[PDB]
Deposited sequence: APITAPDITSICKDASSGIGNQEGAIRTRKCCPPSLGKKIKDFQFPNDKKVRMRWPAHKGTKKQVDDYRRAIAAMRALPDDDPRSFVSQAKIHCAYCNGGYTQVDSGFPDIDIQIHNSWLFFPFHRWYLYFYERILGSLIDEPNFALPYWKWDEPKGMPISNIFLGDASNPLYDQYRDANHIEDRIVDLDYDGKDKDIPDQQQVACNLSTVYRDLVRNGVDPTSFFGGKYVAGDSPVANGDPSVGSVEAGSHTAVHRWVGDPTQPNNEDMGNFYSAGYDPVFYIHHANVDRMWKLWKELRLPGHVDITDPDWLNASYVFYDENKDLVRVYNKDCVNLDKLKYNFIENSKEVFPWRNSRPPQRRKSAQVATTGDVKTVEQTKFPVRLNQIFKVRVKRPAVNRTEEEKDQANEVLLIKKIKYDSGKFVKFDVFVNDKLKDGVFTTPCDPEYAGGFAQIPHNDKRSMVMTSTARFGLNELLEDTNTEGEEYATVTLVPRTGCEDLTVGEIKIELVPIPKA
């Protein structure tokens, strides 16, 4: 029962999800696409001669930048009614991420479609950028046109590229950005709403670890990387969201909240799904998120495999192409970049984040072990303060052979909260440092976090979610592979006043091959 986008030009409604303040929304909620009386045709693979090479936004040639600027300028010049227009392209994101469509074609007209918070996250945005990229190319007669990508997994590429800065005369410019972050400032891939008073050196090191954390530590298998299973009939109210992937809830979300203008009602443009598409950097951010998918597989680590579930493969969306034709595309058809005739320009060397595993904790920095166990704790627990609890592990002292067959994964389920605002809390495991020990935002005890852009549903006031954290490296890094219990510490960062956690448990997840 795969999620199937309906006739988007026939069945559509104004965005009513993930927008905390609709009264005063600076951008429109009328995200329905133009009706040009076109029939939805099946997708056909491109016959391009050369492969479109996407370039780092901070290492672009004069031609690459000018072509990109001229292309956006052309897109901004089109009428709003045009499917290829700047406004229309932005509305695509709004329609799919803020309840524009329903699962009516699958027989559930009372259930909205949400590409986010699911395994549809990566493939959707790949198709999104795919048509977006080919549209820009055709508007300037560049058959070999290629988008840039925000290479924030590389130090010199972490600050916003200056090509997006300046003033309104620049097509790539957007006034609706965080003023405190547009001054050549380094991005925080683990942003929680408040700037950190740490050196640039520390921030880069933590950014590199965040990439490693999202692609290696927590991206241990397809479920934890792409996101949870999401089939037709699935409602966010009955019951909750498909667990969110490591990238989506991690570095991806961080950039959205870091770029978005906090002075605006819904943190427009980037800070919210419904308005993100109005900022040119949005597509360039997702160009690298799209690249994380590529890198995640090129690591060729165990468990880093493609999805084979037919419910994923047969899931489909609808887009307008450069010829204003309605095209239905399937997830199965975007797994191969060679077939889509594009790729990314890499440094010919080793990725700077490849070895950004947190440093081993010294036993001399740790003390011996009073925290209650799950059996002693009354759930659900509310995270309006730091919460500590000991969780029984599924095993202890696993051999190297055992760890290569299954991941020890911490599962935090039934996370209920008002999704009208941005939510984030951090997760630390086996924290037992002595007093006076120096700490960093990228310590080994840090398992990562659960961050959520507002995506509150139309007919519920509360959304439910799930997070997955890999412990194979962490337990080693903390010298606690032998301990029967794992002390899990949940630290709220923002929007956790009403947040509650329903269940916490550690399980062995077999590595798929």
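Sequence ranges without modelled C-alpha atoms (deposited numbering)
Gaps in the modelled chain, taken against the deposited sequence, lie at 349, 371-372, 517.
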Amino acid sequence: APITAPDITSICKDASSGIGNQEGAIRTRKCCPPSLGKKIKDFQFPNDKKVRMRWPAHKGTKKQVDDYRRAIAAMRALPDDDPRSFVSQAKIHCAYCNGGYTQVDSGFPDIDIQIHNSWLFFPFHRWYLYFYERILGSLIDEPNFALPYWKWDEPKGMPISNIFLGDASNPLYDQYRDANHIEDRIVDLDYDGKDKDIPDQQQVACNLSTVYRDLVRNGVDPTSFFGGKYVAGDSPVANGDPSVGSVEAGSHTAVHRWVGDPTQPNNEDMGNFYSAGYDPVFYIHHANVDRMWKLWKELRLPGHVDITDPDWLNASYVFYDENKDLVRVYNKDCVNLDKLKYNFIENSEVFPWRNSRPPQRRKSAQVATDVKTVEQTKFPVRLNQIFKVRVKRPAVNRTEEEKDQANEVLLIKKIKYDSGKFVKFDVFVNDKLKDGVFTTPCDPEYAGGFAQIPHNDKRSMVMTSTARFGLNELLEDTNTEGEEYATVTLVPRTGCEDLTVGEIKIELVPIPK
From here on, numbers count along this sequence of modelled residues.
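Coordinates for residue 187 lacking in at least a third of the other PDB entries compared?
No, none of the compared structures omit it.
Would you say residue 239 goes unmodelled in a third or more of the other compared entries?
Residue 239: unmodelled in a third or more of the comparison entries.
238-246 versus 149-157 - which carries the larger mean C-alpha B factor in the record:
Mean B over CA atoms: larger for 238-246.
Can you let me know which of the two, 229-237 or 95-103, has the higher average C-alpha B-factor in the entry?
Per the deposited B-factors, the answer is 229-237.
Looking at the C-alpha B-factor values in the deposited entry, which of 402, 188, 290, 261 comes out highest?
Highest C-alpha B-factor among the listed options: 402.
Between 430, 203, 275, 144, let me know which has the highest C-alpha B-factor in the entry?
Of the options given, 144 has the highest CA B-factor in the PDB entry.
Third of the chain's Cα B-factor distribution that residue 469 belongs to, per the entry
Within its chain, residue 469 is a lowest-third residue by C-alpha B-factor, going by the deposited values.
For residue 479, the third of its chain into which the C-alpha B factor falls
Tercile = lowest for this residue's CA B-factor.
For residue 490, does the deposited CA B-factor place it in the lowest, middle or highest third of the chain?
Its C-alpha B-factor, which the entry lists for residue 490, ranks in the lowest third among residues of this chain.
Lowest, middle or highest third: which one holds residue 53 when the chain's residues are ordered by CA B-factor from the entry?
It falls in the middle third of the chain.
Taking the entry's C-alpha B-factors for this chain, is residue 37 in the lowest, middle or highest third?
Highest third, going by the recorded CA B-factors of the chain.
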